[PDB]
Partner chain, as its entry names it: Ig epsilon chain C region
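Just one chain is shown here, as structure tokens, and it is the form deposited without its partner chain.
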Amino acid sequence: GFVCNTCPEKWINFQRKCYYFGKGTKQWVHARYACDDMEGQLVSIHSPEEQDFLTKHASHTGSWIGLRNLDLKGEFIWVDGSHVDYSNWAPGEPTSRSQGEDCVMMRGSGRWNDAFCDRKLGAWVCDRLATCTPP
């Protein structure tokens, strides 16, 4: 009821959320359900502070994040239903003439790239809300 920084075992706290830096070869949808079945969601990024934390723990070979183009014409939404306010797209991204590249990955640099959803990445990040210690 005061300090919201408690996380489950294997999850790392940053501000009022918990992050799971997953490993294992998964397509976007596979990583989506891996987070879901673990009481989390693929990571939603809403500030440069949150992004800097992610970049610090980001897999050098790339990670799936919770961003997906839904209407197939440039409208990206996070798995939790939230819209893009903060963005950390790599230059030229997202590409307009890249039909099928609907799923978003985070590079070792922390910058985002759009991708074919059936692409197998060796890492993926989940998030959930932290629990709180009462006063």
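For clarity, a rigid core is taken as the largest C-alpha set superposing within 1.5 Å between two forms. Numbering follows the first chain given and starts at 1.
91-99 versus 32-40: which one carries the higher mean Cα B factor per the record? Higher of the two, by average CA B-factor, is 91-99.
Going by the average Cα B-factor in the PDB entry, point out whether 72-80 or 48-56 comes out higher. Result: 72-80.
Using the entry's values, work out which of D127, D114, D118, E9 has the largest Cα B factor. Among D127, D114, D118, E9, the PDB entry lists the largest C-alpha B-factor for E9.
So where's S109 on the chain's Cα temperature factor ranking, which third? Lowest third.
For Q27, the third of its chain into which the C-alpha B factor falls: Its C-alpha B-factor belongs to the middle third of this chain's values.
The following text describes the form deposited with its partner chain bound, which does not appear among the structures shown.
Should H57 be classed as touching its partner chain in the deposited complex when contacts are defined as heavy atoms within 4.5 Å? Because no heavy atom of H57 falls inside 4.5 Å of its partner chain in the deposited complex, the answer is no.
Contact of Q99 with its partner chain in the deposited complex (heavy atom, 4.5 Å): Yes, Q99 sits close enough to its partner chain in the deposited complex that at least one of its heavy atoms falls within 4.5 Å.
Is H30 close to its partner chain in the deposited complex, meaning a heavy atom pair under 4.5 Å apart or at it? Yes, contact at 4.5 Å.
Which listed residue (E49, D71, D80, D85) has a Cα shift of at least 2 Å between this form and the one not shown, rigid core superposed? The displaced C-alpha is that of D71.
Relative to what we see here, could you say if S82 and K73 have their Cα atoms closer or farther apart in the deposited complex, with a change of 3 Å or more? Compared with the form shown here, the C-alpha atoms of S82 and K73 sit closer together in the deposited complex, by 3 Å or more.
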